[PDB]
Amino acid sequence: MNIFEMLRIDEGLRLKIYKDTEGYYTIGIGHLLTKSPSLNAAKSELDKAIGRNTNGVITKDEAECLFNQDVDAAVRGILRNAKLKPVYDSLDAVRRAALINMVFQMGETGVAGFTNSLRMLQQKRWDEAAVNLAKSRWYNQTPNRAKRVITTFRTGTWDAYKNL
Ligand SMILES: *CC(=O)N1[C@H]2C[C@H]3C[C@@H]1C[C@@H](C2)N3O
Ligand SMILES: [Cl-]
Ligand SMILES: [Cl-]
Ligand SMILES: [Cl-]
Ligand SMILES: [K+]
Ligand SMILES: [K+]
């Protein structure tokens, strides 16, 4: 297991524009295109992202390209964020992946707002952090995925992604 395999499980792979859990146009391995309700706006974003006139379908190679870019961007967003960088630096490898996963799903600003959870993670108070992380819109809207990420923070193992 690694961050790529973890996010591939959590995000799936679809080669045509689809709506994500929040109803937003997405493609590939969880590549958000836009929050606009306009499908044409989403197709314009896709064409710009891929560099060709795509009319909404991409190849697996193109999906994996966006995924590489998106994982790299999540890591770089963590490291440039004054709230997230110290937490990331304090964590072991498995828990670093859990934090990247959250940023991939919700964005840097959203995760950076989990102030009390982030402090508990820095303090290595893993059971307390796990309880606090579940008191969130995130956990209520995507409970199975949030449970997997939270188990990863609680235990520091990949156990929640084994059997998947
Ligand atoms: C991201 C990626 O893997 N790429 C992009 C740049 C080059 C090489 C590959 C496939 C495609 C998109 N190509 O233009
Ligand atoms: Cl629509
Ligand atoms: Cl709550
Ligand atoms: Cl879920
Ligand atoms: K998805
Ligand atoms: K604890």
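Restricting the first member to region 16-38 and to residues that are touching a residue at least 12 places away in the same chain (Cβ under 8 Å) and more than 21 Å from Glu62 (Cβ to Cβ), and the second to residues that are more than 15 Å from ligand 2 (Cβ to nearest atom) and assigned to a loop (DSSP other than H, G, I, E, B), the beta-carbon pairs closer than 9 Å and six or more apart or on different chains are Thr21/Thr142. Under the condition of being away from ligand 4 (no atom under 13 Å from the Cβ), of a type outside the set (A, V, I, L, M, F, W, C) and in contact with a helix residue (DSSP H, G or I) (Cβ under 6 Å, 6 or more places away or on another chain), the residues counted in region 128-150 number 2.
In region 109-136, the residues that are more than 19 Å from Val94 (Cα to Cα) and without any contact (Cβ under 8 Å) to a residue 60 or more places away in the chain never reach a residue that is among the hydroxyl-bearing types (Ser, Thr, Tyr) and within 16 Å of ligand 5 (Cβ to nearest atom) with C-beta atoms less than 7 angstrom apart, at least six apart or across chains.
Take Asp70 and decide whether it is within 16 Å of ligand 2 (Cβ to nearest atom), surrounded by 12 or more Cβ atoms within 10 Å (Cβ to Cβ), among the acidic types (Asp, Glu) and under 24 Å from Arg145 (Cα atoms). No; evaluated as a whole, the condition is false for this residue.
When you look at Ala42, is it part of a helix (DSSP H, G or I), within 16 Å of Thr26 (Cβ to Cβ), touching a strand residue (DSSP E or B) at 6+ places or on another chain (Cβ under 8 Å) and more than 16 Å from ligand 6 (Cβ to nearest atom), yes or no? Against the criterion (part of a helix (DSSP H, G or I), within 16 Å of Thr26 (Cβ to Cβ), touching a strand residue (DSSP E or B) at 6+ places or on another chain (Cβ under 8 Å) and more than 16 Å from ligand 6 (Cβ to nearest atom)), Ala42 qualifies.
Check region 46-67 and report whether any residue there is outside any helix (DSSP H, G or I), among the polar types (S, T, N, Q) and within 19 Å of the chain's Cα centre (by Cα). No, every residue in region 46-67 fails to be outside any helix (DSSP H, G or I), among the polar types (S, T, N, Q) and within 19 Å of the chain's Cα centre (by Cα).
Taking into account only those residues within region 113-131 that are crowded, with 19+ Cβ neighbours inside 10 Å and of a type outside the set (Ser, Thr, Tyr), which is farthest from ligand 2 (Cβ to nearest atom)? Break it down stepwise before answering.
Of the residues in region 113-131, the ones crowded, with 19+ Cβ neighbours inside 10 Å are 114, 117-118, 120-121, 129-130.
Adding the requirement that they be of a type outside the set (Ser, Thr, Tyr) leaves 114, 118, 120-121, 129-130.
On the way: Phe114: 31, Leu118: 35, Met120: 39, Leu121: 38, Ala129: 38, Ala130: 37 Å.
For region 113-131, the residue satisfying everything is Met120.
Annotation note: Cβ proximity below 8 Å between a residue of region 79-92 that is over 9 Å from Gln122 (Cα atoms) and a residue that is of a type outside the set (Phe, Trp, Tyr) and in a loop (DSSP other than H, G, I, E, B) (sequence gap 6+ or interchain) occurs for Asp92/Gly156. Exactly one residue among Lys35, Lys85 is assigned to a helix (DSSP H, G or I) and either in contact with a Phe, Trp or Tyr (Cβ under 9 Å, 6 or more places away or on another chain) or away from ligand 5 (no atom under 15 Å from the Cβ) (or both), and that residue is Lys85.
Read-outs: derived from the displayed coordinates by stated rules, not from any lab. Positions of Cβ are generated from backbone atoms using ideal geometry, with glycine treated the same way; all protein chains shown enter the neighbour counts.
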